[PDB]
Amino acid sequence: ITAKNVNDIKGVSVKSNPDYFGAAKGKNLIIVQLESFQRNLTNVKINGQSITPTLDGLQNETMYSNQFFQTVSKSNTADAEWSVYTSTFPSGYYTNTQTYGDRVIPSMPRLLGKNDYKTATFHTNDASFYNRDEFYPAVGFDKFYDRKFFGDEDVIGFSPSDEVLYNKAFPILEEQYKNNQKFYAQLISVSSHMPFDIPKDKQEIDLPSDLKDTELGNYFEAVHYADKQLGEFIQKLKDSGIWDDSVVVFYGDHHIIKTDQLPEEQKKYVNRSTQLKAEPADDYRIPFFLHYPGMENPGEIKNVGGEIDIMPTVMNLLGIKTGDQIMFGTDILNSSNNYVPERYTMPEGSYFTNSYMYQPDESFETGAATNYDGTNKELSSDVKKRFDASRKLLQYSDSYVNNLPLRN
């Protein structure tokens, strides 16, 4: 298995002389993974109250996507991290951070570490969760900051709040910045994790009575809190000068609300402005925002992507050659026909494109392609090719990951 072979199997055409290559050469990298944020519940107003004003404001000054998809399996948050760090698929069976925490895993932090970046990840819960204390070394992060680093002050749910996350991380980044140390920081938010129970004094949305004592109402309070704290973190990055010297990426780890299951009177709260009339496609959309210094071309990215695509997309902006490193993702700024294979909650060979989703049943022929306007799509040759490629890619990714060398 080689990098070329994998790319040929996927069959997505990527520019040989890529645009934006090294547009952010030598810049820092800050990535924030936002817990349980989904695109169809962002940019929503409840009686004039914006739920995600921070994300809404970023649309004018970033490249962002309305068709960016989660690529997760059994352990959703950890599968998101797996996808992003490794550009390999999460398992259909295992939790990869558990099963492969004993391997030497090629990765984004490892590659950046070979290009003079110090690398760290930040999360306020204990790193024993999902085997993170083994996984983070396995992917070659120089450091991870876990509950031991963050206090037990201002707990929301089961660990310190996003406010504590950003306030304790920022000074570390500021000191690296002042000392001319190129850095990659990954922050994993948590305050908007289910059950979305936010202290009363931190709830800022006055909910209408059809949202009171509902999962969706609680979700909106938690997302609003998380978005607020993100905005305060961004303002500190701007004031400090870090923003103008860094690539910054924000994405939701995965969806949490099944919007077609909502009570009928709550459905009016779902954002329909970029709705896909196919499930689970619509819900599987996660917000995605990308900033880099001196960007001249902000706006909507048309090519679809998933979490596995973040690494190749970012490495291109940072001007880093990936060489022989196997990546199952694609640089989304240098392709136009990308697609995203899915598994676990969907059968193997399921995938999303920029215009339709395919899902098999007992066989390819008994499956269904559904256009994003809701109409059926005939199972043509191209639909078949992506199904076959998707299944082969998953096989290769599973085999590749399973054959990684042991750390000991």
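Counting begins at 1, following the sequence as shown.
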Taking the recorded C-alpha temperature factors, which stretch has the higher mean, 349-357 or 40-48? 40-48
So which stretch wins on mean C-alpha B-factor, 381-389 or 21-29? 381-389
Criterion, highest CA B-factor; candidates, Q275, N334, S87, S73: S73
Quiz for you: based on the deposited Cα B-factor, which of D253, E264, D162, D227 is highest? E264
Going by the CA temperature factor in the PDB record, which third of the chain does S65 belong to: lowest, middle or highest? lowest
Chain-wide C-alpha B factor ranking for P280, given as lowest, middle or highest third: middle
Lowest, middle or highest third: where is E215 by C-alpha B factor in its chain? lowest
Of the three thirds of its chain by CA temperature factor, lowest, middle or highest, which one includes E307? lowest
Temperature factor at the Cα of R132, chain-ranked in thirds, falls in the middle
